[PDB]
Amino acid sequence: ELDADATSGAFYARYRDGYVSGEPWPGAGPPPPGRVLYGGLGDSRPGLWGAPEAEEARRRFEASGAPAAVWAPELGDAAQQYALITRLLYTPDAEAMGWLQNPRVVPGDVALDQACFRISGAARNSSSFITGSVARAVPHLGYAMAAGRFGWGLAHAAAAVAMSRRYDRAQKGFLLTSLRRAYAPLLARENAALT
Amino acid sequence: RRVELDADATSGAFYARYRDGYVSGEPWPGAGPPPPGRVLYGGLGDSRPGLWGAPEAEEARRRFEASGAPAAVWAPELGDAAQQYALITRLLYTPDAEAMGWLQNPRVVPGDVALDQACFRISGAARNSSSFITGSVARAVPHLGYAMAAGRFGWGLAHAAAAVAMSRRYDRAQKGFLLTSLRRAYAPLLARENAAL
DNA sequence: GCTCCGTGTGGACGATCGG
DNA sequence: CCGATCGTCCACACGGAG
Ligand SMILES: [Cl-]
Ligand SMILES: [Mg+2]
């Protein structure tokens with residue numbers, strides 16, 4: 001169906017949901033002890049704390065001041081990576097969409113990524129596995145779902161567009177501007193309430 | 001490059017001051033209507049000849065016009081892109097509609113196949129691999145160039161939600177969370193954009 | 001006239017899933 | 001048989017130097 005209540009815009013101005021920002025999404029929570037979020041909702045993989053791959057990447061992440069090209073929960077708090085990627089999506093000339101799809105990766109970034117899916121249970125990286133993040137730089141969606149932070153959905157939506165092969169460079173730039181306009185008031189209102 | 005976090009962005013005040021140099025309702029830089037007798041197709045500025053007279057286009061147009069629902073496989077020959085955008089946008093806000101599942105796994109009838117094959121034949125034969133730019137990640141969603149030509153950023157919701165729906169990295173509950181995130185973000189934008197235009 | 005660089009695009013082909 | 005995403009590799013433009 002389609003009414004004049006929709007084409008005029010009044011149906012969207014009255015949008016309300018039963019969820020509360022800052023409250024856990026139904027079924028979402030922290031991973032079991034000694035494990036980190038991975039895969040589908042509620043799933044997890046063993047952590048790689050003390051492993052050479054995780055610790056080498058943790059030091060590089062803490063020393064760069066930039067968002068990590070390959071992120072894992074062993075590297076730090078997901079809120080830091082979410083905020084760095086979110087800010088990156090709003091800085092002009094940053095090439096955020098190109099960086100989300102094809103970031104420059106040192107061998108340590110490759111070794112970290114290979115260790116995470118291997119310790120989960122995978123023999124090789126495969127396009128069919130549900131990981132909870134379409135781009136390796138974006139933290140697992142379960143951390144946004146557990147914290148009830150809908151503004152962290154922007155990182156995943158922008159990365160899903162960036163990772164798609166069906167849009168060219170100029171088309172992705174328009175979609176990034178669309179997402180900037182949509183999420184800017186949400187992020188401003190959400191970051192104020194939870195600070 | 002490098003990103004500097006600070007209290008201006010952590011408190012949210014950097015996002016409250018967001019402004020861009022674009023104007024809603026005005027063409028995106030480099031974007032415009034297709035040439036006469038052609039429809040938008042492929043990358044930015046590209047186009048293919050229209051099929052407004054072919055039997056495949058007319059069969060699908062009647063099915064679209066007789067259902068009152070958005071077409072599962074859409075082409076410019078079926079009607080106004082703005083109407084299909086509005087139907088998909090309304091569908092994305094409809095409870096119990098299974099919108100993400102429908103975007104990812106639509107029913108494709110023989111008439112849809114004949115329409116889709118007629119569109120690629122009237123263009124050039126580029127396919128020899130699976131990597132090709134279409135301008136829309138889901139066939140039900142009109143070409144992005146129509147949103148770019150009209151400067152309608154609210155029509156980006158249909159493409160952003162469809163890109164999530166087609167991704168293989170999220171399960172059903174994760175895609176449901178992302179739809180709610182996109183609903184909240186775009187609801188004030190759509191309300192404000194539909195009023196001005 | 002060839003290469004040499006880094007870097008930024010899209011294509012090619014396969015793995016895996018599924019109608 | 002068809003085709004979807006996405007890992008992985010690669011083709012090519014960029015241009016002042018030899
Ligand atoms: Cl709320
Ligand atoms: Mg066949």
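Only this structure's heavy atoms are used, side chains among them; waters, hydrogens and symmetry mates stay out. Residue numbering restarts at 1 for every chain, and letters A, B, ... go by the order of the sequence lines.
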**Q** Which of these nucleotides, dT9(C), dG8(C), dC17(C), is closest to any side-chain atom of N102(A)?
**A** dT9(C)
**Q** I'd like to know whether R14(A) forms a salt bridge (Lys or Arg N to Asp or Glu O under 4.0 Å) with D5(A), so could you lay out the CA-CA distance, the side-chain angles of the two residues, the decisive distance to 0.1 Å, and finally the verdict.
**A** CA-CA 10 Å; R14(A) 305 186 318 254; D5(A) 171 55; 2.5 Å; yes
**Q** Salt-bridged, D17(A) to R183(B), with N to O below 4.0 Å?
**A**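 No, no charged N to carboxylate O under 4.0 Å.
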**Q** Reading the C1'-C2'-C3'-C4' torsion of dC6(D), is its sugar north or south?
**A**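 Negative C1'-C2'-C3'-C4' torsion, south pucker.
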**Q** Nearest heavy atom decides the nucleotide; on that basis, is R165(A) or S128(A) closer to the 5' end of DNA chain C?
**A** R165(A)
**Q** What's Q104(B) touching, base or sugar-phosphate or nothing? Going by heavy atoms closer than 4.0 Å.
**A**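 Contact class for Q104(B): none.
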**Q** Strictly under 6.0 Å, is that where the ring centroids of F117(A) and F129(A) end up?
**A** no
**Q** Could you go through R62(B) and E65(B), starting from their C-alpha distance and side-chain angles, then the distance that decides it, and tell me whether this counts as salt bridge (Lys or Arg N to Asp or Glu O under 4.0 Å)?
**A** CA-CA 5 Å; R62(B) 292 189 182 96; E65(B) 292 187 32; over 6 Å; no
**Q** Hey, is the side chain of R124(A) poking within less than 4.0 Å of OP1 or OP2 on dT16(C), counting only N and O atoms?
**A**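 True: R124(A) side-chain N/O within range (under 4.0 Å) of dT16(C) OP1/OP2.
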**Q** Find the distance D116(B):CG to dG3(D):P and express it as a whole number of Å.
**A**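 One finds 9 Å between P of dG3(D) and CG of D116(B), rounded.
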**Q** Can you give me every donor-acceptor pair (side chain of residues 143-151 of chain A, partner residue at least two apart or in another chain, under 3.5 Å) with its distance?
**A**
unit_1, atom_1, unit_2, atom_2, d
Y143(A), OH, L37(A), N, 3.3
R149(A), NH2, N191(A), OD1, 2.6

**Q** Students often get this wrong, so: under 4.0 angstrom with heavy atoms, is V113(B) touching a base, only sugar-phosphate, or nothing?
**A**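 The residue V113(B) makes no contact with any strand.
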**Q** By the 4.0 Å heavy-atom rule, please label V134(A) as base, sugar-phosphate, or nothing.
**A** sugar-phosphate
**Q** Have a look at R169(B) and say if it touches a base, only the backbone sugar-phosphate, or nothing, with a 4.0 Å heavy-atom cut-off.
**A**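 Here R169(B) touches the backbone only, sparing every base.
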**Q** Whole Å only: how far is the CG atom of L100(A) from the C1' atom of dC6(D)?
**A** 15 Å
**Q** For Watson-Crick and G-U wobble pairs within 3.5 Å on both distances, what is DNA chain D written in dot-bracket notation, | included for inter-strand pairing?
**A** |||||||||||||.||.|
**Q** Stepwise, does the salt bridge (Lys or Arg N to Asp or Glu O under 4.0 Å) test hold for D109(A) with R60(A)?
**A** CA-CA 10 Å; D109(A) 296 333; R60(A) 275 192 296 107; 2.8 Å; yes
**Q** Rounded to the nearest angstrom, tell me the gap between atom OH in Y167(A) and atom P in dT9(C).
**A**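 Rounded to whole Å, this separation is 18 Å.
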**Q** Would you kindly compare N128(B) and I133(B) by the position of their nearest DNA chain C nucleotide and give the one closer to the 5′ end?
**A** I133(B)
**Q** Just read off the sign of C1'-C2'-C3'-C4' for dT9(C) and name the pucker, north if positive, south if negative.
**A**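 By the sign criterion, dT9(C) is north.
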**Q** Which part of the nucleic acid does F132(B) contact within heavy-atom distance under 4.0 Å: base, sugar-phosphate only, or nothing?
**A**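 Sugar-phosphate, no base atom in range.
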**Q** Examine the side chains of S47(B) and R38(B) and answer whether a donor and an acceptor come within less than 3.5 Å of each other.
**A**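 Present: a donor and an acceptor within the cut-off.
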**Q** Does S127(A) reach a base, just sugar-phosphate, or nothing at all? Heavy atoms under 4.0 Å.
**A** base
**Q** Provide, to the nearest angstrom, the distance between the CE atom belonging to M166(B) and the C1' atom belonging to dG3(D).
**A** 9 Å
**Q** Categorize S164(A) for me: base, sugar-phosphate, or nothing, with a 4.0 angstrom heavy-atom threshold over every strand shown.
**A**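 Nothing: the residue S164(A), judged by heavy atoms under 4.0 Å, touches no strand.
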